[PDB]
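Chemist: Here's a structure for you.
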Amino acid sequence: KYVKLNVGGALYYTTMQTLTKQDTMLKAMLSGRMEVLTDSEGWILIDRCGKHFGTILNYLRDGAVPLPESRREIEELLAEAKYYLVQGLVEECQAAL
Amino acid sequence: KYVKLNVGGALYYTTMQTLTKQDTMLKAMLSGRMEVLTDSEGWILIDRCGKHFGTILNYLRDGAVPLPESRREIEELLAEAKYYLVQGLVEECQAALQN
Amino acid sequence: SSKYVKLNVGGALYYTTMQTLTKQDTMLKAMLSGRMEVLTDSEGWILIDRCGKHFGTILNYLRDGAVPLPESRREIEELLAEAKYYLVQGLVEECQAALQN
Amino acid sequence: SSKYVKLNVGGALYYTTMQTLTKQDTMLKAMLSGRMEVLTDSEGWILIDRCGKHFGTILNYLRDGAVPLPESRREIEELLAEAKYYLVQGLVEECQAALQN
Ligand SMILES: [Hg+2]
Ligand SMILES: [Hg+2]
Ligand SMILES: [Hg+2]
Ligand SMILES: [Hg+2]
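Chains as they are written, first to last, in PDB author numbering: chain C, 32 to 128; chain D, 32 to 130; chain B, 30 to 130; chain A, 30 to 130.
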C-alpha cells in the first residue's frame, strides 16, 4: 500500500514496504508507534525541507545512495538523516566528511 | 495508446510505444507480464524517485539519451536504470564512469 | 480551494503546493491567488503555455530560495527567459549576472 | 485566442496555444488555418512524423520571438532543418547566420 507525504511543500509518494525497511522515524510513524499529522486530503505532513527527502527515500529503497559533492550539501543531507533517524546514512555522511 | 504514471509523486504522460520499445521491466508492466496498481485518478503508481524517470522514458523512445555531467547524477540514473532493467542505459552509465 | 497544485507546463506535468508557489512574489503566486485569469482542463490541470524544461528549476528556486545554475551559457539563457516570464526577480538577476562572467 | 493545442511530434508530447502557433507565418499556422492536412488521434493529439528533439525550441522561438541557439554546428544544422520544414523563416535566418565562420 502507498503512502503520500507533504515534506515542507515537497510532495512524495512511497510505500509501507520502503518506509519500514529500516529502523527509522518513518517506520515508527507508520507502525502506529507514533502519531502522524495528516490533512483533509490524506497527506502526512512533515515540517522539514523536502530538498533532500528524495535522497532519504532512495536510501531506504536501495540501501545506498550517491552522496552530494559539496561539503555543505553533505551537511544538509546529514541533518535530515539525523532527524529521520537513518543511522546508516548519518554514519555514511560523517564518513564522507 | 497513452499511459500516465505516478513515479514517486512525479507525474508523467507517455505512450505505449515508448514503454514497450525496449526489453525492460517497464515493458513487462504493460505487457501484462506484471501487476499494475493505479490510484483514484488512474495514475499507475511506481515506488521510485521520478527525478531521472524522464531521462529513462527518453532513452526507451530514442534508443539514446544525453547523460548528466556530474558522476553523482549518473550513479543516480544508474540505480534507476538497474531497477527498471534498462540494460542498454546501465552499460552506458557504467561506461560513462571512466575516471 | 486546495493547497495542492498540479500544473501542465508546455506538456510537462508538475505536482506542487501553494506553500512553494507563494514563497516569493511571482506570476505563479498571482495565478493561484485567483488574482489572475487561469485556464484549467477537465481534470483540474492549470495550463501554462511555456516550456517545462526548466520549470522544475523554477519550483526549486522558489522552494529553497536558490538553485544550481546550468553550466552552458545556452541553458542559463533558457532559464532566464522562463524566470523573466514568471517574473522571478531573484533568479533573473543571478542568471543575468552569470552571463556577465 | 488562448485555446490549447497538443501535438505528438515523434513521440514527444507538447502543449501550446493557438496564440503561439499563429504568432508568426509558419507551417504550424497553416495547420490550424485548415490550409493543410493534420492527422489527429482518438485523444486529440496532432501527429507529426518528425523527431521531436528540437520542436520545443521551435515552440519557444514562436513564444518569445527569440531562443538560445545550440553551440555545435551539427545541432544548429538539425534545428535549421526543422525550421526549414516548419517554415519558421525567422529562425532559419538566425541559424544560417550562426553557421558563419
Ligand atoms: Hg531523488
Ligand atoms: Hg532547503
Ligand atoms: Hg532527432
Ligand atoms: Hg524547451
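Where is the CB? At the ideal position from N, CA and C, for every residue including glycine.
(1) Would you check if the distance between the CB atom of residue 54(C) and the CB atom of residue 110(D) is smaller than 9 Å?
(2) Are the segment 103-122 of chain B and the segment 79-93 of chain B touching by the rule of at least three beta carbon pairs closer than 8 Å?
(3) Under 8 Å: does the beta carbon of residue 49(A) sit that close to some heavy atom of ligand 4?
(4) Mapping DSSP to helix, strand and coil, what is residue 37(A)?
(5) Strictly under 9 Å for the Cβ-Cβ distance: is residue 43(B) near chain A by that measure?
(6) Using a Cβ-based criterion (distance less than 8 Å to any ligand heavy atom), does residue 72(D) qualify as near ligand 2?
(7) Is any heavy atom in ligand 3 found nearer than 8 Å to the beta carbon of residue 39(A)?
(8) According to DSSP, simplified to helix, strand and coil, what is residue 109(D)?
(9) Can you name the residues of chain B whose CB is closer than 9 Å to the CB of residue 72(C)?
(10) Does the beta carbon of residue 37(B) come closer than 9 Å to any beta carbon on chain A?
(11) Have a look at 57(C), 116(C) and 124(C) and flag the residue whose alpha-carbon is nearest the alpha-carbon of residue 102(C).
(12) Rounding to the nearest angstrom, what Cα-Cα distance links residue 44(A) and residue 64(C) in this structure?
(13) Write down every uninterrupted run of the beta strand (DSSP E) in the segment 54-103 of chain A whose length is 3 residues or greater and which is fully enclosed by it, in chain order.
(14) Ligand 5 and residue 89(A): does the residue's C-beta get closer than 8 Å to at least one heavy atom of that ligand?
(15) Identify the contact partners of residue 48(D) in chain A, using a Cβ-Cβ distance below 9 Å as the criterion.
(16) Classify residue 126(C): buried if its beta carbon has 16 or more other beta carbons within 10 angstroms, exposed otherwise.
(17) Indicate whether residue 80(A) and residue 119(A) have their beta-carbon atoms separated by less than 9 Å.
(18) Please list the residues of the segment 85-104 of chain B that have a C-beta atom closer than 8 Å to any C-beta atom in chain D, keeping them in chain order.
(19) For the segment 118-130 of chain B, enumerate the residues whose C-beta is nearer than 7 Å to any C-beta of chain A, in chain order.
(20) Against chain C, with Cβ distances strictly below 9 Å, would residue 112(D) count as a contact?
(21) Quick check: is any heavy atom of ligand 1 less than 8 Å from the C-beta of residue 94(C)?
(22) For residue 116(A), I'd like the list of residues in its chain whose CB is within less than 6 Å of its CB, leaving aside the five on either flank, ordered along the chain.
(23) Taking all protein chains shown into account, decide if residue 91(D) is buried (16 or more other Cβ within 10 angstroms of its Cβ) or exposed.
Modeler: Taking the geometry as given:
(1) no
(2) yes
(3) no
(4) strand
(5) no
(6) Flag unset: Cβ of residue 72(D) not near ligand 2.
(7) yes
(8) helix
(9) Under the 9 Å cutoff, chain B gives 31, 32 and 33.
(10) yes
(11) 124(C)
(12) 46 Å
(13) 75-77
(14) Because ligand 5 does not appear in the structure shown, any question about it cannot be addressed here, the ligands present being ligand 1, ligand 2, ligand 3 and ligand 4.
(15) 40
(16) exposed
(17) no
(18) 100
(19) none
(20) no
(21) Not one heavy atom of ligand 1 is found less than 8 Å from the C-beta of residue 94(C).
(22) 55 and 56
(23) buried
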